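Sequence lines set the chain letters: A, B, ... in the order given, protein chains first and strands last, and positions in each chain run from 1. Computation of the quantities below employed the complete heavy-atom set of this structure, encompassing side-chain atoms and omitting hydrogens, waters and symmetry-equivalent molecules.
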Amino acid sequence: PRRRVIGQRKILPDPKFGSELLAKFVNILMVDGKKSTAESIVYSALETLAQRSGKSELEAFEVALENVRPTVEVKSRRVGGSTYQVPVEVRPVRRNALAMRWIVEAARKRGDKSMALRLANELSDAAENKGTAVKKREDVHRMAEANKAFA
Amino acid sequence: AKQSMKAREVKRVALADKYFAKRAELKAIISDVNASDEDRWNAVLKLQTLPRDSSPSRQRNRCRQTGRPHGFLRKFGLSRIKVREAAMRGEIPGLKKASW
Amino acid sequence: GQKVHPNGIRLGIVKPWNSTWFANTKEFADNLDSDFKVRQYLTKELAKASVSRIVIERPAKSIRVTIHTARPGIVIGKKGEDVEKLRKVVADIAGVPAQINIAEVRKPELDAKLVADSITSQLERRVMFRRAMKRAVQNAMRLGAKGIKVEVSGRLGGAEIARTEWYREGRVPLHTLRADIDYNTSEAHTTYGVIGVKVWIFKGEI
Amino acid sequence: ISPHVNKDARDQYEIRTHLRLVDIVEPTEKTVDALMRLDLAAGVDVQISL
RNA sequence: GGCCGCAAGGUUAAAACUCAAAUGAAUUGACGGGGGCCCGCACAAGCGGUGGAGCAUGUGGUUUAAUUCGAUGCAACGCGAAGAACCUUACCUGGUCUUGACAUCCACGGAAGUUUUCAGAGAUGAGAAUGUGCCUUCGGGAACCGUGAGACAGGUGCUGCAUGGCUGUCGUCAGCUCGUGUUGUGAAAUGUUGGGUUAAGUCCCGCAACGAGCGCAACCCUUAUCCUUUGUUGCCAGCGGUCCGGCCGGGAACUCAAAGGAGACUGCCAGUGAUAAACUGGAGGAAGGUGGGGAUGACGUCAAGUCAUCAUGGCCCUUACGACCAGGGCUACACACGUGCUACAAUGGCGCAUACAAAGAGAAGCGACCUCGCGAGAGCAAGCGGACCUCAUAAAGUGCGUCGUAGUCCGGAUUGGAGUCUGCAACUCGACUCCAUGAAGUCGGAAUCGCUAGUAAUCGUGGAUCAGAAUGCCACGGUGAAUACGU
């Protein structure tokens, strides 16, 4: 806004584990105010992912996120009558938010049967450095690299 | 509203008040089960000879000060415009502007 | 823009109602109609006695009417004959026993209805509207109102193009809900059409 | 609130009805007669059940 | 025409005809692809939609005997209509009346229940019964019916560019003005500009100004925390009966009902700032700096809307532009646009069984228990003018099964048969139920809309109008996000 200071809203932690990251992930997955459905889907997905890797659900989740977090991006400027792409850094909260959004968006487009299966497959591919989310990170970094002259 | 429409309404109310009992009796005959199966036919043929304006469904509610056929309220017997004028003057007990 | 009705917005805060009775859904409308007819009759019959308010009450199975006036002698008459005639006609209209009471207005120059009526009467006899308005304002301020406003609208003086004019003295705070503001209106019927009049009088905060 | 087309621009009104109940347990003839022979303000409705 | 010049041209220098103005310097505004400062879902950061399909509903056009009249960039198009089968109705076709369907006056005779023939009906005729009350000093005729004649009635006929009243919009924007004094020949100016600050012409300081008014804020309603009064139709920690249930004796504690009160003021603490106004942070507190939401609309602008709510100057028609009646139309259909509902599916469809609400309405009304019918419903009949009875069973949710990516166990337009109910009467033109049928459609081109929090999105429930007839309008609660670096 123009003359405002916006505080932070309090977010409850997860009921099974105790993380706020997982709560934010549930929130980004939910549709139409149906939180129980999203919780069920996420718990099923994490359960199926833990067996494929023999490590804890939280550790697998963090491993998946660390390969999707971005570092730099491009904004649009127009002062000389033309559109320029200006590279900027990304701050941590935005890094996490963008990673989560890209993971869910990639999962929804897959062709497996159930949403839990789609999410599990997408997370495993991300942990191995494959999939549309990782391709998106690559594209963003490429565009930011091709414009370092305007920094 | 024209002066003839109000007269029409007055005539309708008069006839509907005049023929109230005859219609109720004939309709009870027609509706009641285990009748003669011929009295029913005769009552059906008799109900349609009474004047048309004796059916209470030919009546239209009107504002009691202007005769308007739209925007009627039953508690007050008036239309919206006259309701508002009286309310602002203070002529309807208990009524006032509300907020919540 | 458009403005809210002063009396209406002040009902129940600092202003009273003009009718006081309780009824149910099957008598409400009939009672409203009877009140309308009674007020119409009295307003026609006392057109020259300076009436300013007609209050109605319905206790038990009867009607009691209180008339606020500046000429109680002219309303009553010779040993009450006129009041008796009014009582009989009102009882006939209502359909139940009737009672009539009279109250006096001490200062007719501080009453909004009577000021508007006087201006309309003067306008129907071809007086100058500026003179009429100024005289009203001066009289009210002399007798001690904290403020007054007068407004007039129409074909003033016979012009072909209509117009609105107004005058003000003192204070007239219309956004303050505890201000005691008096308000009323009146109409004039001339050879060129209708002319409208509005009056505001301010008397203090409560 | 407009004589012709303006579908917004409404007014909203309210009527409030207040209610109270009183009970008498051990009456006497004089008390009941006194209650029946009484008159109160001219805007209240009173209903008596024996 | 003369003089001068190689030329280009220079110099001296008219008239006819035409217009009622052309011009200089200053003043108040409006505008600028001029400058400076500040605001708003204005952009930016996000979430969900409209534009493509079928259906509902309004408008343009076209057609018709008629498809009644009004609203038109934002500020007309689910708008006047909060409910067109007859009525409503103002339009069309045909049949009828002329002081009249609705009033006040004069004078010639008497009223109100039933019941037969002809009309589509309006409206014509034949018959039976009745003898009202009430100073009858006879004149009462009041109450209410026939005809006759004329002063009159009657008009949703035209002009919102003759008007009153009411309403939209710029805009809940922070502005708009006056008295006395002073400056200028004057139109005008100052005050209202300046340094800070604020949501605010809000506040302080300075200054040829000193003061005041209408607007801003406050007083009104609702929501969040306490306590003192009264406890049925509302309520059960402690006590005791048991057929298990607030059922019963009881109790006045609690939830709740509704009247009186208490509380929030930058009041307290530190830092900044002009020895200020204010600002950033902290304590205690249910709540903190306008705690959240409503009502409240300045001087004025658009010859803005309404003579069809009503009232009203001036025109216009009176065996007709005024009454009465039956049938039809306002629902048409090659086409173009606005506002909505239902979908295109596994965060789902279908079967079984199981938690948790708020706010309303009801006597020509709301209609329990029981019986009959697959069902819409029907029969017989308690209770309630209601914290007691009824409408009335919340849904999304949760548990267990099946369907396995197909135009399908997705979607439910159209069309055939058989019925129910309201109402004199459902052909044109109502709502609903059963069996059968099973269309377009796989996420929508250029455009374009809403929303900053208990909001958007999604799920159900009630009312006004109303014999019957909501996917519209006005209210109520359940679950419950994403994002705001910045101008």
Next item on the list: Describe the nucleic acid contact of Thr25(C) in one word from base, sugar-phosphate, nothing, applying a heavy-atom distance below 4.0 Å.
Entry: nothing
Notebook entry, point to check: The side chain of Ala9(D) lies closest to which of these nucleotides: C221(E), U88(E), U167(E)?
Noted result: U167(E)
Next item on the list: Grab the CG-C1' distance between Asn6(D) and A76(E) for me, whole Å please.
Entry: 10 Å
Item checked: Base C86(E) to side chain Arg58(B), donor-acceptor N/O within 3.5 Å cut-off -> yes
Margin query: Just confirming the chi classification of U233(E), syn or anti, using 90° around 0 as the syn window.
Written below: syn
Check: Under the rule syn = chi within 90° of 0, otherwise anti, which is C299(E)?
Finding: syn
Notebook entry, point to check: What is the nucleic acid contact for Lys27(B), judged by heavy atoms within less than 4.0 Å: base, sugar-phosphate only, or nothing?
Noted result: sugar-phosphate
Next item on the list: In whole angstrom, give me the gap between the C1' atoms of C324(E) and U124(E).
Entry: 15 Å
Check: With no hydrogens and no angle check, is any side-chain donor or acceptor of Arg80(B) less than 3.5 Å from a backbone partner on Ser2(D)?
Finding: yes
Note to self: Please report the distance separating the P of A368(E) from the corresponding atom of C391(E), rounded so that it comes out in whole Å.
What the structure shows: 5 Å
Check: Given that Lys97(B) and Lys24(A) both sit by RNA chain E, which one's nearest nucleotide is further toward the 5' end?
Finding: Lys97(B)
Check: If you measure from the P atom in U93(E) to the same atom in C321(E), how many Å do you get, rounded?
Finding: 13 Å
Notebook entry, point to check: So what does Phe20(B) hit on the nucleic acid, given a heavy-atom distance under 4.0 Å: a base, only sugar-phosphate, or nothing?
Noted result: base
Next item on the list: State the sugar conformation of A387(E) as north or south, using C1'-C2'-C3'-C4' as the deciding torsion.
Entry: south
Margin query: In whole Å, I'd like the distance from the NZ atom of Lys2(B) to the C1' atom of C310(E).
Written below: 17 Å
Note to self: How many whole angstroms separate atom CG of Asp32(B) from atom P of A378(E)?
What the structure shows: 15 Å
Item checked: Integer-rounded Å distance: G164(E) P and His189(C) NE2 -> 13 Å
Check: How would you label the contact of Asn61(B) with the nucleic acid (heavy atoms, under 4.0 Å): base, sugar-phosphate, or nothing?
Finding: sugar-phosphate
Note to self: Need one value for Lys11(B): base, sugar-phosphate or nothing, where a base atom within 4.0 Å counts as base even if backbone is also close, heavy atoms only.
What the structure shows: nothing
Margin query: Using the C1' atom as the point on both nucleotides, what is the distance between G80(E) and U167(E), in whole Å?
Written below: 13 Å
Next item on the list: Using a heavy-atom cut-off of under 4.0 Å over every strand shown, decide if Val33(B) touches base, sugar-phosphate, or nothing.
Entry: nothing
Next item on the list: Give one of base, sugar-phosphate or nothing for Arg77(A), where a contact means two heavy atoms less than 4.0 Å apart.
Entry: nothing
Next item on the list: Please state how far atom CZ in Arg16(D) lies from atom P in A258(E), giving the value in whole angstrom units.
Entry: 10 Å
Notebook entry, point to check: If you pin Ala1(B) and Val31(A) to their nearest nucleotides in RNA chain E, which one's is more 5'?
Noted result: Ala1(B)
Margin query: Considering every strand and a 4.0 Å limit on heavy-atom distances, what is the contact class for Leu29(A): base, sugar-phosphate, or nothing?
Written below: base
Checklist line | Interatomic distance at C1', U309(E) relative to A303(E), whole Å | finding: 25 Å
Check: Expressed in angstrom and rounded to an integer, what is the separation of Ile41(A) atom CD1 from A346(E) atom P?
Finding: 11 Å
Notebook entry, point to check: Would you call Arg68(B) and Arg62(B) a side-chain contact if the rule is heavy atoms closer than 4.5 Å?
Noted result: no
Checklist line | Sugar-phosphate, base or nothing in reach of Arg2(A), heavy atoms under 4.0 Å | finding: base
Notebook entry, point to check: Is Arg91(A) touching bases, backbone alone, or none of the nucleic acid, heavy atoms closer than 4.0 Å?
Noted result: sugar-phosphate
Margin query: Using 30° and 60° as the class boundaries, would you call the ring planes of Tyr183(C) and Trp200(C) parallel, tilted or perpendicular?
Written below: tilted
Note to self: Is the shortest side-chain heavy-atom distance between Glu187(C) and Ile195(C) below 4.5 Å?
What the structure shows: no
Note to self: Taking the cut-offs as 6.0 angstrom to the six-membered ring centre and 45 degrees off its axis, would you call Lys146(C) and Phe202(C) a cation-pi pair?
What the structure shows: no
Next item on the list: Establish whether the base of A218(E) is bridged to the side chain of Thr176(C) by a donor-acceptor pair shorter than 3.5 Å.
Entry: yes
Notebook entry, point to check: Counting any heavy atom closer than 4.0 Å, what does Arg68(B) reach on the DNA or RNA strands: base, sugar-phosphate only, or nothing?
Noted result: sugar-phosphate
Notebook entry, point to check: Rounded to whole angstroms, how far apart are CD on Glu165(C) and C1' on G164(E)?
Noted result: 16 Å
Notebook entry, point to check: Watson-Crick or G-U wobble between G288(E) and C265(E), both distances under 3.5 Å?
Noted result: yes
Check: Do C330(E) and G113(E) form a Watson-Crick or G-U wobble pair, with both donor-acceptor distances under 3.5 Å?
Finding: no
Next item on the list: Describe the nucleic acid contact of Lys198(C) in one word from base, sugar-phosphate, nothing, applying a heavy-atom distance below 4.0 Å.
Entry: sugar-phosphate
Next item on the list: Select one nucleotide: of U312(E), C79(E), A295(E), the one nearest the side-chain heavy atoms of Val194(C).
Entry: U312(E)
Item checked: Spacing of the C1' atoms in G444(E) and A343(E) (rounded, Å) -> 13 Å
Margin query: Just the rounded figure in Å: distance from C1' of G365(E) to NZ of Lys26(C).
Written below: 13 Å
Margin query: Does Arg9(A) reach a base, just sugar-phosphate, or nothing at all? Heavy atoms under 4.0 Å.
Written below: base
Checklist line | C1' spacing across the pair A199(E) / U228(E), given as an integer number of angstrom | finding: 41 Å
Check: What is the nucleic acid contact for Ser79(B), judged by heavy atoms within less than 4.0 Å: base, sugar-phosphate only, or nothing?
Finding: nothing
Item checked: Separation of the P atoms in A298(E) and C74(E), to the nearest angstrom -> 24 Å
Margin query: Under 6.0 Å from the ring centre and within 45 degrees of the ring axis: does the NZ or CZ of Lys96(B) meet both conditions for the six-membered ring of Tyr13(D)?
Written below: no
